[PDB]
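Engineer: One file is attached below, protein-v3.tsv, containing TSV, C-alpha atoms and all ligand atoms.
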chain	number	residue	atom	x	y	z
V	1	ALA	CA	-6.91	6.58	9.89
V	2	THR	CA	-10.07	4.63	10.71
V	3	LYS	CA	-10.46	2.41	7.62
V	4	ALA	CA	-7.98	0.54	5.47
V	5	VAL	CA	-8.10	-2.00	2.65
V	6	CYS	CA	-5.76	-4.59	1.10
V	7	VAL	CA	-5.95	-6.52	-2.18
V	8	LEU	CA	-3.96	-9.75	-1.85
V	9	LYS	CA	-2.40	-11.17	-5.02
V	10	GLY	CA	0.29	-13.68	-5.83
V	11	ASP	CA	1.74	-15.89	-8.55
V	12	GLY	CA	-0.97	-18.50	-8.04
V	13	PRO	CA	-4.77	-18.49	-7.91
V	14	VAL	CA	-5.09	-17.09	-4.37
V	15	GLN	CA	-6.62	-13.62	-4.20
V	16	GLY	CA	-8.81	-11.61	-1.90
V	17	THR	CA	-9.88	-8.25	-0.57
V	18	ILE	CA	-9.40	-7.48	3.13
V	19	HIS	CA	-11.01	-4.55	4.94
V	20	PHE	CA	-9.84	-2.99	8.22
V	21	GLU	CA	-11.91	-0.77	10.51
V	22	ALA	CA	-10.93	0.80	13.80
V	23	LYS	CA	-13.51	0.05	16.51
V	24	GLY	CA	-12.59	1.26	19.99
V	25	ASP	CA	-9.07	0.04	20.73
V	26	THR	CA	-9.37	-2.79	18.18
V	27	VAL	CA	-9.16	-3.26	14.43
V	28	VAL	CA	-11.86	-5.33	12.72
V	29	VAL	CA	-10.47	-7.41	9.83
V	30	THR	CA	-13.03	-8.67	7.30
V	31	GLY	CA	-13.24	-9.86	3.74
V	32	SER	CA	-12.63	-13.08	1.96
V	33	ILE	CA	-9.68	-14.89	0.41
V	34	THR	CA	-10.36	-17.21	-2.53
V	35	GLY	CA	-8.48	-19.94	-4.34
V	36	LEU	CA	-7.13	-21.55	-1.17
V	37	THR	CA	-6.94	-25.22	-0.39
V	38	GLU	CA	-9.62	-26.24	2.10
V	39	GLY	CA	-8.48	-25.84	5.71
V	40	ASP	CA	-6.40	-23.41	7.78
V	41	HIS	CA	-3.91	-20.86	6.45
V	42	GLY	CA	-1.55	-18.59	8.33
V	43	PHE	CA	-2.43	-14.90	8.09
V	44	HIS	CA	-0.08	-12.12	9.25
V	45	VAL	CA	0.94	-8.49	8.79
V	46	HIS	CA	4.54	-8.39	7.58
V	47	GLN	CA	6.86	-5.46	8.18
V	48	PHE	CA	7.39	-3.89	4.72
V	49	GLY	CA	4.88	-2.69	2.13
V	50	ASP	CA	7.44	-3.69	-0.50
V	51	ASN	CA	6.11	-5.70	-3.45
V	52	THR	CA	9.20	-5.40	-5.66
V	53	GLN	CA	9.98	-9.12	-5.26
V	54	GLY	CA	6.47	-10.51	-4.84
V	55	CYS	CA	5.60	-11.42	-1.27
V	56	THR	CA	9.25	-12.19	-0.52
V	57	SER	CA	10.20	-8.53	-0.12
V	58	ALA	CA	7.53	-8.00	2.54
V	59	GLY	CA	10.10	-9.05	5.14
V	60	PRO	CA	9.27	-10.84	8.39
V	61	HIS	CA	6.20	-10.64	10.62
V	62	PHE	CA	5.61	-7.12	11.92
V	63	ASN	CA	7.26	-7.35	15.33
V	64	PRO	CA	8.10	-3.91	16.77
V	65	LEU	CA	8.14	-5.30	20.33
V	66	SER	CA	10.72	-8.00	19.47
V	67	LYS	CA	8.58	-10.82	20.85
V	68	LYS	CA	8.33	-14.43	19.78
V	69	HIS	CA	5.66	-15.60	17.35
V	70	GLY	CA	2.27	-16.58	18.76
V	71	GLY	CA	-1.48	-16.65	18.21
V	72	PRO	CA	-3.65	-13.53	18.36
V	73	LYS	CA	-5.02	-14.55	21.77
V	74	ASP	CA	-1.54	-14.88	23.34
V	75	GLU	CA	0.23	-12.23	25.37
V	76	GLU	CA	3.52	-13.22	23.69
V	77	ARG	CA	2.99	-12.56	19.99
V	78	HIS	CA	4.13	-10.41	17.15
V	79	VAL	CA	1.93	-7.40	16.51
V	80	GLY	CA	1.28	-8.84	13.07
V	81	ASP	CA	0.18	-12.32	14.23
V	82	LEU	CA	-3.48	-12.71	13.23
V	83	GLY	CA	-3.56	-16.52	13.46
V	84	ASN	CA	-5.40	-18.69	10.93
V	85	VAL	CA	-8.13	-18.13	8.41
V	86	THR	CA	-10.13	-21.21	7.42
V	87	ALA	CA	-11.06	-21.96	3.83
V	88	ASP	CA	-14.16	-24.05	3.09
V	89	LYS	CA	-14.39	-26.91	0.58
V	90	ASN	CA	-14.77	-24.32	-2.20
V	91	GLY	CA	-11.45	-22.69	-1.25
V	92	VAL	CA	-13.03	-19.54	0.23
V	93	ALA	CA	-12.00	-18.22	3.62
V	94	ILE	CA	-14.27	-15.62	5.19
V	95	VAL	CA	-12.06	-13.41	7.31
V	96	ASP	CA	-13.56	-12.15	10.56
V	97	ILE	CA	-10.92	-11.16	13.10
V	98	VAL	CA	-11.18	-8.64	15.91
V	99	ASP	CA	-7.72	-7.82	17.18
V	100	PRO	CA	-6.64	-5.50	20.03
V	101	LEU	CA	-2.93	-5.21	19.15
V	102	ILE	CA	-2.75	-4.09	15.53
V	103	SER	CA	-3.67	-0.48	14.87
V	104	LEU	CA	-4.40	1.78	11.92
V	105	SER	CA	-2.62	4.67	13.68
V	106	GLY	CA	0.36	5.43	15.86
V	107	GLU	CA	3.37	3.26	16.54
V	108	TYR	CA	1.49	0.01	15.86
V	109	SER	CA	0.02	1.27	12.61
V	110	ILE	CA	-0.13	-1.38	9.89
V	111	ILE	CA	-0.85	1.23	7.20
V	112	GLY	CA	1.70	0.72	4.43
V	113	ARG	CA	2.75	-2.74	5.59
V	114	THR	CA	1.83	-6.05	3.95
V	115	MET	CA	-0.92	-8.60	4.61
V	116	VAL	CA	0.21	-12.17	3.77
V	117	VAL	CA	-1.76	-15.43	3.55
V	118	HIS	CA	0.22	-18.66	3.78
V	119	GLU	CA	0.33	-22.16	2.31
V	120	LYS	CA	0.02	-24.03	5.61
V	121	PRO	CA	-1.61	-23.59	9.03
V	122	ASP	CA	0.05	-21.39	11.66
V	123	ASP	CA	1.00	-23.49	14.68
V	124	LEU	CA	0.43	-20.32	16.84
V	125	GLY	CA	3.95	-20.44	18.36
V	126	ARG	CA	3.15	-23.48	20.53
V	127	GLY	CA	5.37	-25.97	18.65
V	128	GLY	CA	8.44	-24.88	20.56
V	129	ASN	CA	10.78	-25.46	17.59
V	130	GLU	CA	12.92	-22.60	16.22
V	131	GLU	CA	10.79	-22.04	13.15
V	132	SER	CA	7.57	-21.91	15.19
V	133	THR	CA	8.91	-18.99	17.28
V	134	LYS	CA	9.56	-16.92	14.11
V	135	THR	CA	6.86	-17.87	11.61
V	136	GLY	CA	4.67	-20.63	13.06
V	137	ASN	CA	5.66	-23.05	10.26
V	138	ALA	CA	3.02	-21.54	7.96
V	139	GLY	CA	5.17	-22.21	4.92
V	140	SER	CA	5.31	-20.19	1.72
V	141	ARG	CA	3.52	-16.91	1.00
V	142	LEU	CA	0.63	-17.57	-1.38
V	143	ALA	CA	-0.63	-13.98	-1.82
V	144	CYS	CA	-0.06	-10.52	-0.39
V	145	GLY	CA	-0.86	-6.86	-0.79
V	146	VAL	CA	0.03	-3.49	0.70
V	147	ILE	CA	-2.34	-2.16	3.36
V	148	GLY	CA	-3.79	1.12	2.12
V	149	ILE	CA	-5.92	3.95	3.49
V	150	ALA	CA	-9.60	3.45	2.59
V	151	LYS	CA	-12.43	5.95	2.21
G	1	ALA	CA	9.26	5.91	8.10
G	2	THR	CA	12.30	7.10	6.19
G	3	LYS	CA	11.89	5.00	3.01
G	4	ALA	CA	8.89	4.02	0.94
G	5	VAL	CA	8.22	2.15	-2.31
G	6	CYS	CA	5.48	1.69	-4.92
G	7	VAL	CA	5.03	-0.91	-7.69
G	8	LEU	CA	2.93	0.51	-10.55
G	9	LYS	CA	0.68	-1.69	-12.66
G	10	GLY	CA	-2.41	-1.31	-14.78
G	11	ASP	CA	-4.54	-2.93	-17.43
G	12	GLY	CA	-2.07	-2.05	-20.21
G	13	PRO	CA	1.72	-2.34	-20.61
G	14	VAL	CA	2.79	0.46	-18.21
G	15	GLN	CA	5.04	-0.77	-15.36
G	16	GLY	CA	7.59	0.66	-12.96
G	17	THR	CA	8.86	0.90	-9.42
G	18	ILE	CA	8.97	4.24	-7.55
G	19	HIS	CA	11.20	4.80	-4.50
G	20	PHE	CA	10.73	7.48	-1.83
G	21	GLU	CA	13.30	8.72	0.68
G	22	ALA	CA	12.83	11.32	3.41
G	23	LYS	CA	15.65	13.85	3.68
G	24	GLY	CA	14.92	16.39	6.38
G	25	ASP	CA	11.67	18.10	5.43
G	26	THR	CA	11.66	16.83	1.84
G	27	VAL	CA	10.97	13.55	0.06
G	28	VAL	CA	13.23	12.41	-2.78
G	29	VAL	CA	11.26	10.44	-5.40
G	30	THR	CA	13.18	8.26	-7.90
G	31	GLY	CA	12.64	5.26	-10.18
G	32	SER	CA	11.55	4.28	-13.69
G	33	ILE	CA	8.36	3.77	-15.72
G	34	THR	CA	8.27	1.86	-19.04
G	35	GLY	CA	5.58	1.29	-21.65
G	36	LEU	CA	4.48	4.96	-21.87
G	37	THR	CA	3.89	7.01	-24.98
G	38	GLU	CA	6.62	9.57	-25.59
G	39	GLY	CA	6.28	12.91	-23.87
G	40	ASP	CA	4.90	14.06	-20.56
G	41	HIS	CA	2.56	12.16	-18.24
G	42	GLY	CA	0.79	13.41	-15.13
G	43	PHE	CA	2.11	11.96	-11.88
G	44	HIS	CA	0.22	12.31	-8.56
G	45	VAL	CA	-0.40	10.87	-5.11
G	46	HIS	CA	-4.09	9.97	-4.94
G	47	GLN	CA	-5.99	9.93	-1.67
G	48	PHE	CA	-6.80	6.25	-1.06
G	49	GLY	CA	-4.60	3.15	-1.13
G	50	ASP	CA	-7.62	1.36	-2.50
G	51	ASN	CA	-6.99	-0.88	-5.52
G	52	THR	CA	-10.25	-2.85	-5.32
G	53	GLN	CA	-11.35	-1.44	-8.68
G	54	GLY	CA	-7.93	-0.89	-10.22
G	55	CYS	CA	-6.76	2.71	-10.26
G	56	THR	CA	-10.33	4.03	-10.26
G	57	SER	CA	-10.81	3.38	-6.50
G	58	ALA	CA	-7.78	5.52	-5.54
G	59	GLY	CA	-10.00	8.59	-5.30
G	60	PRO	CA	-8.88	12.14	-6.19
G	61	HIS	CA	-5.52	13.86	-5.80
G	62	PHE	CA	-4.45	13.87	-2.14
G	63	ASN	CA	-5.56	17.31	-1.00
G	64	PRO	CA	-5.65	17.89	2.81
G	65	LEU	CA	-5.37	21.69	2.36
G	66	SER	CA	-8.42	21.81	0.02
G	67	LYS	CA	-6.59	23.66	-2.75
G	68	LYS	CA	-7.02	23.67	-6.49
G	69	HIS	CA	-4.78	21.61	-8.75
G	70	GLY	CA	-1.36	22.97	-9.66
G	71	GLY	CA	2.24	22.10	-10.32
G	72	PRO	CA	4.64	21.02	-7.57
G	73	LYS	CA	6.36	24.45	-7.60
G	74	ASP	CA	3.06	26.28	-6.89
G	75	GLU	CA	1.70	27.12	-3.46
G	76	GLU	CA	-1.79	26.56	-4.91
G	77	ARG	CA	-1.46	22.83	-5.43
G	78	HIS	CA	-2.66	19.54	-4.06
G	79	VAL	CA	-0.23	17.83	-1.71
G	80	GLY	CA	-0.25	14.95	-4.20
G	81	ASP	CA	0.58	17.12	-7.22
G	82	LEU	CA	4.02	15.99	-8.41
G	83	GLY	CA	3.70	17.31	-11.96
G	84	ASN	CA	4.93	15.44	-15.02
G	85	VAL	CA	7.25	12.56	-15.68
G	86	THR	CA	8.71	12.51	-19.18
G	87	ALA	CA	9.06	9.40	-21.31
G	88	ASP	CA	11.60	9.29	-24.14
G	89	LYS	CA	10.93	8.00	-27.68
G	90	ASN	CA	11.23	4.45	-26.29
G	91	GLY	CA	8.52	4.98	-23.66
G	92	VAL	CA	10.87	5.10	-20.66
G	93	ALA	CA	10.49	7.78	-17.98
G	94	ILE	CA	13.22	8.32	-15.38
G	95	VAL	CA	11.69	9.73	-12.19
G	96	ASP	CA	13.73	12.32	-10.24
G	97	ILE	CA	11.62	14.62	-8.06
G	98	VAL	CA	12.38	16.48	-4.81
G	99	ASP	CA	9.26	17.67	-3.00
G	100	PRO	CA	8.79	19.62	0.26
G	101	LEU	CA	5.04	19.07	0.71
G	102	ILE	CA	4.52	15.31	0.61
G	103	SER	CA	5.85	13.44	3.61
G	104	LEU	CA	6.47	9.84	4.69
G	105	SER	CA	5.14	10.48	8.22
G	106	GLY	CA	2.68	12.68	10.05
G	107	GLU	CA	-0.36	14.51	8.73
G	108	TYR	CA	0.62	14.61	5.04
G	109	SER	CA	2.13	11.13	5.00
G	110	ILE	CA	1.60	9.41	1.67
G	111	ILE	CA	2.24	5.97	3.18
G	112	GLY	CA	-0.76	3.84	2.29
G	113	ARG	CA	-1.89	6.16	-0.49
G	114	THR	CA	-1.67	5.54	-4.24
G	115	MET	CA	0.85	6.71	-6.84
G	116	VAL	CA	-0.77	7.16	-10.29
G	117	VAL	CA	0.78	7.81	-13.72
G	118	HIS	CA	-1.58	9.26	-16.35
G	119	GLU	CA	-2.41	9.04	-20.05
G	120	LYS	CA	-1.81	12.71	-20.91
G	121	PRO	CA	0.51	15.50	-19.74
G	122	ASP	CA	-0.50	17.44	-16.64
G	123	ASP	CA	-1.15	21.03	-17.66
G	124	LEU	CA	-0.24	22.03	-14.03
G	125	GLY	CA	-3.56	23.73	-13.37
G	126	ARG	CA	-3.07	26.43	-16.01
G	127	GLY	CA	-5.23	24.99	-18.80
G	128	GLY	CA	-8.03	27.53	-18.48
G	129	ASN	CA	-10.96	25.17	-17.93
G	130	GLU	CA	-12.63	23.77	-14.83
G	131	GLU	CA	-10.94	20.42	-15.49
G	132	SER	CA	-7.46	21.95	-15.32
G	133	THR	CA	-8.13	23.06	-11.73
G	134	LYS	CA	-9.17	19.51	-10.74
G	135	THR	CA	-6.83	17.13	-12.57
G	136	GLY	CA	-4.65	19.18	-14.92
G	137	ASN	CA	-6.34	17.33	-17.81
G	138	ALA	CA	-4.04	14.35	-17.32
G	139	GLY	CA	-6.72	11.96	-18.56
G	140	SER	CA	-7.03	8.30	-17.63
G	141	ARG	CA	-5.03	6.42	-15.00
G	142	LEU	CA	-2.62	4.07	-16.78
G	143	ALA	CA	-0.95	2.42	-13.78
G	144	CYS	CA	-0.87	2.82	-10.03
G	145	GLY	CA	0.14	1.16	-6.81
G	146	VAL	CA	-0.14	1.59	-3.04
G	147	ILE	CA	2.79	3.32	-1.35
G	148	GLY	CA	4.33	0.96	1.20
G	149	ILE	CA	6.99	1.20	3.93
G	150	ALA	CA	10.39	0.06	2.66
G	151	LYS	CA	13.37	-1.30	4.58
V	201	CU	CU	2.99	-14.39	7.37
V	202	CU	CU	-3.35	11.59	-10.76
V	203	ZN	ZN	4.45	-13.94	13.94
V	204	ZN	ZN	-3.84	17.68	-8.35
Could you rewrite the structure in this file as structure tokens?
Structural biologist:
Amino acid sequence: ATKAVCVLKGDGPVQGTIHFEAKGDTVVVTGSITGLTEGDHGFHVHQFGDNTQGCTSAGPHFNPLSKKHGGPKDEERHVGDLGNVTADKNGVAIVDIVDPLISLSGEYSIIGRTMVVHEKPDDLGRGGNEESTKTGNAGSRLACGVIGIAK
Amino acid sequence: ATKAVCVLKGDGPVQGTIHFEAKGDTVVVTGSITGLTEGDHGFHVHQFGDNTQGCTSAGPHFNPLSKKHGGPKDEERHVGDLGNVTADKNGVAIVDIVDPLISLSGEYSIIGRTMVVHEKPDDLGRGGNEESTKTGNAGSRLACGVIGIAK
């Protein structure tokens, strides 16, 4: 309801624990992802909490409003579009995102969906090519986990 | 949501995929678990979809009505009390459960909670000790996963 958690795992070395907390009409996303290459990595909620085929079965970006892909600060974005996390030289990205569109309740609830961190930076839907309007050219899914209710 | 899914894993060899489907006011639970010892094994929805410390962080049986532990056919049961799955001599359990109390939406939704399969049979709350009324003496948590929305 007010707190959620996600453990991201994959076939490679990328892992992390993400926490979610409802604050006013926002959700605060914190935690850290480890094992990344230094630099930016796309970071989105995908539609399905389905880990039967790794991160592949998570489906596309959570997009209940049928909008094009964007950055978290854009009006035109998927609900799940949380932009980029940035990993330091040691491969650690400290996640600190305050987002007004995702929710832990109601129609926009991300409970039971999947958090995904990507191989490449998210171009935030500015590129204008076809792939940018769906995924932001973030490339493959390095690690993922199902978003669960937390104590 | 009308469909849900769970991938079970643990520290040992126990693995399986559980599927959930809403039909009217019931949820149909199906799937398979391998790597179990022969015989019965407790099978419950636990409160938190928190895998940060393996199955230990899932918390207790999901219990919004503050009842004692029981079997799924009892009124005096936890919402998460789905009884026993049964593994054959080869360690394979076929899951086939129809339950009217768990739900995939609303107040008793198990989306974002944790499915857990246990070391020992669930005595269904009729073991005669204080432990029976809490866990059914199912023992340790062999494998678990967070319940996610499925396509
Ligand atoms: Cu993504
Ligand atoms: Cu249990
Ligand atoms: Zn997107
Ligand atoms: Zn119970």
Engineer: Could you build a table of the residues in chain G lying no more than 7 Å from chain V, giving for each the nearest pair of atoms and their separation in Å rounded to one decimal place, using all atoms listed in the file, ordered by chain and ascending residue number, as a Markdown table?
Structural biologist:
| residue | atom | partner | partner_atom | distance |
| --- | --- | --- | --- | --- |
| G:5 | CA | V:50 | CA | 6.2 |
| G:7 | CA | V:52 | CA | 6.5 |
| G:48 | CA | V:149 | CA | 5.2 |
| G:49 | CA | V:148 | CA | 3.9 |
| G:50 | CA | V:150 | CA | 5.8 |
| G:51 | CA | V:7 | CA | 6.6 |
| G:52 | CA | V:7 | CA | 6.5 |
| G:111 | CA | V:112 | CA | 5.4 |
| G:112 | CA | V:148 | CA | 4.1 |
| G:113 | CA | V:148 | CA | 6.0 |
| G:146 | CA | V:146 | CA | 6.3 |
| G:147 | CA | V:112 | CA | 6.4 |
| G:148 | CA | V:49 | CA | 3.8 |
| G:149 | CA | V:49 | CA | 4.8 |
| G:150 | CA | V:48 | CA | 5.4 |
| G:151 | CA | V:48 | CA | 6.5 |
Engineer: Just how far from CA of residue 61 in chain V is CA of residue 44 in chain V, in Å to one decimal?
Structural biologist: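 Between CA of residue 44 in chain V and CA of residue 61 in chain V the gap is 6.6 Å.
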Engineer: Using all atoms listed in the file, what are the residues with an atom within 12 Å of ligand CU 202 (chain V), set out as a PyMOL selection string?
Structural biologist: chain G and resi 41-48+55-63+69-71+78-85+113-124+134-145
Engineer: Output C-alpha atoms for every residue in that selection, as a short mmCIF file (atom, residue, chain, number, x, y, z; two decimals), keeping the file's coordinate frame.
Structural biologist:
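So the final result, stored in result29.cif, reads:
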data_model
loop_
_atom_site.label_atom_id
_atom_site.label_comp_id
_atom_site.auth_asym_id
_atom_site.auth_seq_id
_atom_site.Cartn_x
_atom_site.Cartn_y
_atom_site.Cartn_z
CA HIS G 41 2.56 12.16 -18.24
CA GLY G 42 0.79 13.41 -15.13
CA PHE G 43 2.11 11.96 -11.88
CA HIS G 44 0.22 12.31 -8.56
CA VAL G 45 -0.40 10.87 -5.11
CA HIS G 46 -4.09 9.97 -4.94
CA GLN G 47 -5.99 9.93 -1.67
CA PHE G 48 -6.80 6.25 -1.06
CA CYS G 55 -6.76 2.71 -10.26
CA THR G 56 -10.33 4.03 -10.26
CA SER G 57 -10.81 3.38 -6.50
CA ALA G 58 -7.78 5.52 -5.54
CA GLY G 59 -10.00 8.59 -5.30
CA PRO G 60 -8.88 12.14 -6.19
CA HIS G 61 -5.52 13.86 -5.80
CA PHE G 62 -4.45 13.87 -2.14
CA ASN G 63 -5.56 17.31 -1.00
CA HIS G 69 -4.78 21.61 -8.75
CA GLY G 70 -1.36 22.97 -9.66
CA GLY G 71 2.24 22.10 -10.32
CA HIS G 78 -2.66 19.54 -4.06
CA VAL G 79 -0.23 17.83 -1.71
CA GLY G 80 -0.25 14.95 -4.20
CA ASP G 81 0.58 17.12 -7.22
CA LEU G 82 4.02 15.99 -8.41
CA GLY G 83 3.70 17.31 -11.96
CA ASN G 84 4.93 15.44 -15.02
CA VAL G 85 7.25 12.56 -15.68
CA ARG G 113 -1.89 6.16 -0.49
CA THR G 114 -1.67 5.54 -4.24
CA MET G 115 0.85 6.71 -6.84
CA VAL G 116 -0.77 7.16 -10.29
CA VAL G 117 0.78 7.81 -13.72
CA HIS G 118 -1.58 9.26 -16.35
CA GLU G 119 -2.41 9.04 -20.05
CA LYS G 120 -1.81 12.71 -20.91
CA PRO G 121 0.51 15.50 -19.74
CA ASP G 122 -0.50 17.44 -16.64
CA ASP G 123 -1.15 21.03 -17.66
CA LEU G 124 -0.24 22.03 -14.03
CA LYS G 134 -9.17 19.51 -10.74
CA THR G 135 -6.83 17.13 -12.57
CA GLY G 136 -4.65 19.18 -14.92
CA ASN G 137 -6.34 17.33 -17.81
CA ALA G 138 -4.04 14.35 -17.32
CA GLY G 139 -6.72 11.96 -18.56
CA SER G 140 -7.03 8.30 -17.63
CA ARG G 141 -5.03 6.42 -15.00
CA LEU G 142 -2.62 4.07 -16.78
CA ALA G 143 -0.95 2.42 -13.78
CA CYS G 144 -0.87 2.82 -10.03
CA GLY G 145 0.14 1.16 -6.81
#
Engineer: Would you compute the distance between atom ZN of ligand ZN 203 (chain V) and CA of residue 88 in chain V? Give it in Å to one decimal.
Structural biologist: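 It comes out at 23.8 Å.
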Engineer: What is the distance between CA of residue 27 in chain V and CA of residue 101 in chain V, in Å to one decimal?
Structural biologist: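 Atom-to-atom, CA of residue 27 in chain V to CA of residue 101 in chain V, that is 8.1 Å.
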Engineer: My list of candidates is V:97, V:9, V:66, V:103. Which is closest to residue 31 in chain V when distances are computed with all atoms listed in the file?
Structural biologist: V:97
